[PDB]
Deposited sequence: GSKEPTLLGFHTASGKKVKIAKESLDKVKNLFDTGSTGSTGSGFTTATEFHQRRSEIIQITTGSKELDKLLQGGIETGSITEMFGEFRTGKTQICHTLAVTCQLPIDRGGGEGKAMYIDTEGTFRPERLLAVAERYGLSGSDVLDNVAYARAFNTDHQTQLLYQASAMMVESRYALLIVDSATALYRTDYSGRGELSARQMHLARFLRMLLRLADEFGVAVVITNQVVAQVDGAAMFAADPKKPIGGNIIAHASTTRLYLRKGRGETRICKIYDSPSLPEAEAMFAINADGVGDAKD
């Protein structure tokens, strides 16, 4: 039993046994409506801002809740920085572009820094002590611990209201392919079950699931929105819509300032 889900401040998060028994039936009555009712229901989907105007205009609002957003790219392209920015912007009010919910950060590469959270909170004018208490951080060392963290996340999401679930490099613990053959099936199964559990959580709790994928120079669901991060010339970073059920392939520009994601300061 490793360290479970702690907060960015360091204190341990305690879970009631009723919540554990309430989510064990998970991972195992809707009717016909007119397309107008469903289009209205999609207009009610809370979308979390990213701090960048051009990025929010590219996504027509921001990170959509209820689905999986997969940000992939090369090293030092802004995935972890965008995750740190979202982990604080999700606590903003709905009128300010937030989700009014706590954040959840599953780190697999040891690149979690509460200092960036404090910086972006000072940017948006929030209490630095409150934003660190509304972010449940958990470090994962292997795939089994990752899935156990997902189980603990399902247990936690019922007591308190969460709006964002971050999986920083979900493939970091899976891309340890030092073995020859054989593991390419078991690891694929584990990753597929992990993605399906993420989809189940996103559908059940309406939480925006944002996952990070390292690309050197997977089985994405049809509803998954895929973003590709690339470095341009200078500080200008380019985000492209690789695949989206509702958005066509387009590009936008953004930058990473000391306070997080923003527009390119030319």
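Gaps in the model, given as deposited-sequence positions counted from residue 1: The deposited sequence has unmodelled segments at 1-5, 34-40, 230-248.
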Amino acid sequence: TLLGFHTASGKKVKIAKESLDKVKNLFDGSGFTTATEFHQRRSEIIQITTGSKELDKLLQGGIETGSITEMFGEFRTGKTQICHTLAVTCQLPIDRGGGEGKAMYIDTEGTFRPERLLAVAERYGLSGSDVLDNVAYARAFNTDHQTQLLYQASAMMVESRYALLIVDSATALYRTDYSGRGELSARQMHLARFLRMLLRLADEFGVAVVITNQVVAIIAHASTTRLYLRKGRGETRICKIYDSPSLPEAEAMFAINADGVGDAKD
From here on, numbers count along this sequence of modelled residues.
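Stretch with the greater mean C-alpha B-factor as recorded in the entry, comparing 54-62 against 202-210: Looking at the recorded C-alpha B-factors, 54-62 comes out higher on average.
Tell me which stretch, 173-181 or 102-110, has the higher mean Cα B-factor listed in the entry. Between 173-181 and 102-110, it is 173-181 that shows the higher mean C-alpha B-factor.
By its CA B factor, does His190 count among the lowest, middle or highest third of the modelled residues in the chain? Highest third, going by the recorded CA B-factors of the chain.
Within this chain's modelled residues, let me know which third the CA B factor of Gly78 belongs to: lowest, middle or highest. Within its chain, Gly78 is a lowest-third residue by C-alpha B-factor, going by the deposited values.
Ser223 CA temperature factor, ranked by third within the chain: Answer is middle: the recorded C-alpha B-factor places it there.
Considering only modelled residues of the same chain, in which third does the CA B-factor of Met253 rank: lowest, middle or highest? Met253: CA B-factor falls in the highest third of its chain.
Which third of the chain holds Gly262 when residues are ordered by C-alpha B factor: lowest, middle or highest? Ranked within chain, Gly262 CA B lands in the middle tercile.
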